[PDB]
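Worksheet: the structure to be examined is printed underneath.
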Ligand SMILES: [Cl-]
Ligand SMILES: [Cl-]
């Protein structure tokens, strides 16, 4: 809940309007915490991860990646101009996501990223 | 543990040799339950799911899919001729995997599947 609220505030500081939280989505016989936001007509969806959810970073990464792929597929078929981002803390970005394997998997799967700083609750970088 | 043993027995009945359980794999700075098996020089790896692991089937599917993608990527770089399969029970195959959304995601991500019957502990179908 805390990291969810950190990401909303970071988005708000950059002038995004939060329109749905959660963004709910059902497609192809399945009902799938996503934040929907927009800013001057640019629409996005944000999958928030703290990377304290599990065990290891790698275990969380598996679930985060699968969710990312599935939500991205679902969103194509419902709101094709809403771009999906995986939000992760700066500490995780600078450590886990600098390892060769996760960096490669992010690239192979075209994962777009919102890097947020937890302490100050700000957006540090948009990736891809 | 039970479903893990069901899949091994199903493989053994079809003349597969189990060579590693777990198959361990480390690549690109990360250490990633996978069964390694072979039969007349054909090598495979099997990610076993019962689809009783979580909450809903969809929640498990997210983790199963992310794991599949990451293990498949790791295996390319270590044992490129060992083909990865996602093992799922026949009951799940005939219900969840006949829904349009999971069927589509399996197709989009080229997920190969081992469909096993739990009651009789046999392989029913190989997919993709
Ligand atoms: Cl941070
Ligand atoms: Cl079954």
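Protein chains in written order, with our numbering: chain A, 1 to 128; chain B, 1 to 128.
Heads up, the beta-carbon is just placed ideally off N, CA and C, and yes, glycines get one too.
beta-carbon residue i near ligand 1 non-hydrogen atom, thresh 6 Å
i	result
residue 34(A)	no
residue 90(B)	no
residue 7(B)	no
residue 14(B)	no
residue 118(A)	yes
Reduced DSSP secondary structure (H/G/I, E/B, other) of residue i
i	result
residue 51(B)	coil
residue 25(A)	coil
residue 19(B)	strand
residue 114(B)	strand
residue 67(B)	helix
residue 120(A)	coil
residue 13(A)	helix
residue 92(B)	helix
residue 76(B)	helix
residue 8(B)	helix
residue 100(B)	helix
One or two residues paired with residue i in a DSSP bridge
i	result
residue 43(B)	38(B) and 82(B)
residue 105(B)	According to DSSP, residue 105(B) bridges with nothing at all.
residue 87(A)	48(A) and 114(A)
residue 127(A)	113(A)
residue 30(A)	27(A)
Selection from the options that minimises the alpha carbon distance to residue i
i	options	result
residue 58(A)	75(B), 29(B) and 46(B)	29(B)
residue 50(B)	5(B), 21(B), 36(B) and 112(B)	5(B)
residue 75(B)	7(B), 3(B) and 23(B)	23(B)
residue 52(A)	96(A), 66(A), 85(A) and 12(A)	96(A)
residue 81(B)	127(B), 44(B) and 110(B)	44(B)
residue 141(B)	38(B), 13(B), 56(B) and 69(B)	The requested residue 141(B) does not occur in the structure, where chain B is confined to residues 1 to 128.
residue 131(A)	2(A), 120(A) and 34(A)	In the structure displayed, chain A extends from 1 to 128; residue 131(A) sits before or after that span and is not available.
residue 27(B)	101(A), 127(A) and 125(A)	101(A)
residue 32(A)	47(A), 19(A) and 18(A)	47(A)
residue 128(B)	14(B), 109(B) and 119(B)	109(B)
residue 87(A)	36(A), 7(A) and 15(A)	7(A)
heavy atom of ligand 2 below 6 Å from residue i C-beta
i	result
residue 100(A)	no
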